[PDB]
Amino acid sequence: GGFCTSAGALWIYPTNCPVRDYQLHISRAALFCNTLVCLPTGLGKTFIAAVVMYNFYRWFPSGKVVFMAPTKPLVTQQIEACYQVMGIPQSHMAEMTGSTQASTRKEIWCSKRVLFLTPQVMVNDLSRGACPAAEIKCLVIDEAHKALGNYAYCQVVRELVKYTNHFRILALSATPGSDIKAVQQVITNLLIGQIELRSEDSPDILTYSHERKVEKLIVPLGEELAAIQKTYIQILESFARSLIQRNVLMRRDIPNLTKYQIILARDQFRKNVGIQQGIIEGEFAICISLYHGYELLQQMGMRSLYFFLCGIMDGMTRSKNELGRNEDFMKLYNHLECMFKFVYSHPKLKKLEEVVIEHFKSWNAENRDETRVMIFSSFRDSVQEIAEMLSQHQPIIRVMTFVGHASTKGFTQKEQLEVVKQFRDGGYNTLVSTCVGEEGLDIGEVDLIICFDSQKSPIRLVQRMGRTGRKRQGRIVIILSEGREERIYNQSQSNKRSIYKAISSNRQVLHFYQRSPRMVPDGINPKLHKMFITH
């Protein structure tokens, strides 16, 4: 399929940077079989992709190589980083996103050999015949753990296979899935023939990366929030009884239920008439909102609870009317209204402030290159509250929030990049980030990472810890409320080990795609050629 016999004699490996065994072995593996590469962040998933893409570029000179990333900033970062490693002239490559008109993309597809794009552009260009589907010989998928359900990654492969089976897939993920079931879906969706995995624990990784120790700070909930929690549980009980009596909700202890368990109960209901549907849907929507509020109170604090409730109690939803007829709700809501110096709406926030102050004290005492602190909380109200709390210490602490595009106005792609550049240059020394700061964009190495919340899935914890590494031995602090939050953390670490074992096990836990094309003709055994690549 257009394979260049002469180029097939060799596979070229860059020596610009010292050769690492794990990068040499994994690169070679990925040439001959569809591979999912799982390395810690900063240990060279991008380098391996560049090596693979450059050799496919050489081996299929009339073919195309495609690199997919989930965000526009990541596309730009990755084309730049891969350009530096590969021996491909700038004129043979292009970035393509929704910022390039579909009309222009057709000309870029035809004139370029390597394309870095968002997967939605690829889906659109395949369906509309702008992408010459048959000419694709290599497809690199970054953040490949996102290749679940009908995500654009899954759509690209399903559409491409209509036109050609003769391409290599390289998937890159530090965190292949939340569990085995998710890892199996990624393998199935992306036609993965094998996994090449190294952990922080891996000896061949320890050489090129400082081990980083996790500190846990357990914070008791305290009298004030305990008392509000106790009032909240009774409000929860009164609004959930209808679902207990309707038998749509199992009846499992009201205080121990989660918003996720009720969204599932609602979903199981929506697949099993008239006035009835309206009242049940209404009861479910009220309970899911209250249990959201309950989670905010336990994990984020009273200010987060208030702001969420204010969004509801600000139009006439049924939720607004019902909750408005409850005196305990309106008592609590009116109390939070009054409440909102700086108010410490969760004991975790006071503990977070102590840790950050002590870090800057200890750093400035050692007197000169500014320290960098990244704090992760999932909710926008928490991130703004944490930022306001730490703003009291300006300009010793120079805090900025890092949030997604949706409006608390939200940040555009351009505004996000300015905050990152400000963080890198020490304009800001402290970043408070939602999940947008966990994935892809090279923020830089950070001296202190703080996790304000915890999830049962291990993915986001590993991503958050990825923002510190070798260059400078970093510190990872995890602030947990005592009880549940401590168990969620213990579960995420157990789930991480479970996935590692399953991937590494001699027994076939995972079902790999067995029909990955060799791509190099069966006659040709390409020989390693190490060289200094010059542009």
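For every residue, the number given is its place in the sequence shown, counted from 1.
Deposited sequence between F360 and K361: no residues lack coordinates (chain continuous). Coordinates are lacking for 4 to 9 deposited residues between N367 and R368.
For the segment pair 207 to 215 and 451 to 459, the entry gives 207 to 215 the higher mean B-factor, averaged over Cα atoms. Looking at 434 to 442 and 184 to 192 together, the entry lists the larger mean B-factor for 434 to 442, computed on C-alpha atoms. Per the deposited coordinates, the residue with the largest Cα temperature factor out of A226, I244, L297, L352 is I244. The entry assigns its greatest Cα B factor, within the set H92, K271, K72, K348, to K271. Among the modelled residues of its chain, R487 has a C-alpha B-factor that falls in the highest third according to the deposited record. Split the chain's modelled residues into thirds by C-alpha temperature factor. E200 is in the highest one. Ranked within its chain, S178 lands in the middle third, by CA B factor from the PDB record. Sorting the modelled residues of the chain by their CA temperature factor places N321 in the highest third.
Sort the modelled residues of the chain by CA B factor and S103 lands in the lowest third.
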